[PDB]
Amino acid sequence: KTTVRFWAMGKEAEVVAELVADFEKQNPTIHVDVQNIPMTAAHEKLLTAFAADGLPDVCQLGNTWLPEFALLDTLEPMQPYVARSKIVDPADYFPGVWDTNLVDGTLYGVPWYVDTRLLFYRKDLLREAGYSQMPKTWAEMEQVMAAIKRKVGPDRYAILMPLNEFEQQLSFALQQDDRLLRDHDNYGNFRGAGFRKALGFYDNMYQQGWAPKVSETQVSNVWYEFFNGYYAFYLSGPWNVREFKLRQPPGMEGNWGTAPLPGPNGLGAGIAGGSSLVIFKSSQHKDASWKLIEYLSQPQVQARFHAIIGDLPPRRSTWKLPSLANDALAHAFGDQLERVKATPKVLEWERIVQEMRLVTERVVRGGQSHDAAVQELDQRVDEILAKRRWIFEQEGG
């Protein structure tokens, strides 16, 4: 009888619609209307629906979108619901993942699934270069890559990291002790030691010839090139597990795997990407809405979600279910999730990483200096943050 409107994006919308079928058949007084909105139009449709007073009750939100919708005061504080929920226990959620839903100390969402990036690797190629263990430190990673490069020759590579993507540089920058922004997140901190170290490590891989100097469009097919041996490692996310499985050529079952991202001193941090679920505060049925989110927070529902679409559960107890715990390819993700870190929670974060990536591709391709790069990046970021910084100077903060 009670209808809840739930907006979700793309493949996730399709899959979650199957799941709600069982939620409805467990809660017959509740109807869930699932709308599939394309991601490329989602941000406009929402800002638009906002102004027009037509927001759904429940909504999937990319977790870098939270700070914006929170500071627009559209999001229902979630802590009161979490506190009264047996099912949703914050201590069971990976801390870096939970942290992405906190804006200014206030909880505005519940993590739904996690996207993080780590190494897919050819086991056979790793063994041919001499190794049975994947590297866990940066220095070990460099030696392994050099060892593969000797083996494969001038026309083949150790690792693929497309220069048009920002997630790789970002992952390595998140492994540093300092923050990418500074002073109340009002200024860029790309001139800081951490970003300089990350830029150095990342640029070095292309200049040594370990990673090809290409954009994703310049690669024919990431899965076939991988199985063709054009490169031994591919730094990427959970959706690839299925894709590689499908294209795994006959003799190749079990000759590839996933490994968590090496860090400076050991296995390191990575990105806490993915989506959260929120309740818009204009909703009339918040309690029905909460029940839906709680359902999608049940370990067994999350396992099912992972099984179908590959999206990583955001909580430890889902990872303990045999479905996940015995998945040899999932293990590396589950381990890395213990270390993922949230990016600075500013509305202008997406613009910022776009600048970062433009500058780094120039460093890699054009040989722009690292000093010039980080100085220039900070200048661009300081402009991007100008309105935020000004508001801070004018009020209290």
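Heads up: residue numbers just count along the shown sequence, starting at 1.
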As the entry reports it, the stretch among 240 to 248 and 129 to 137 with higher mean C-alpha B factor is 240 to 248
Which wins on mean Cα temperature factor, 214 to 222 or 291 to 299?
-> 214 to 222
Which one of 49, 342, 352, 337 shows the biggest C-alpha B-factor in the PDB entry?
-> 49
Based on the PDB entry, the highest CA temperature factor among the options 84, 285, 196, 182 is that of 285
Among all modelled residues of this chain, ranked by Cα B factor, put residue 186 in the bottom, middle or top third, i.e. lowest, middle or highest.
-> middle
Where does residue 21 sit by CA temperature factor within its chain: lowest, middle or highest third?
-> highest
Place residue 97 in the lowest, middle or highest third of its chain's C-alpha B-factors, as listed in the PDB entry.
-> lowest
Record-listed C-alpha B factor of residue 45: chain third | highest
Temperature factor at the Cα of residue 330, chain-ranked in thirds, falls in the lowest
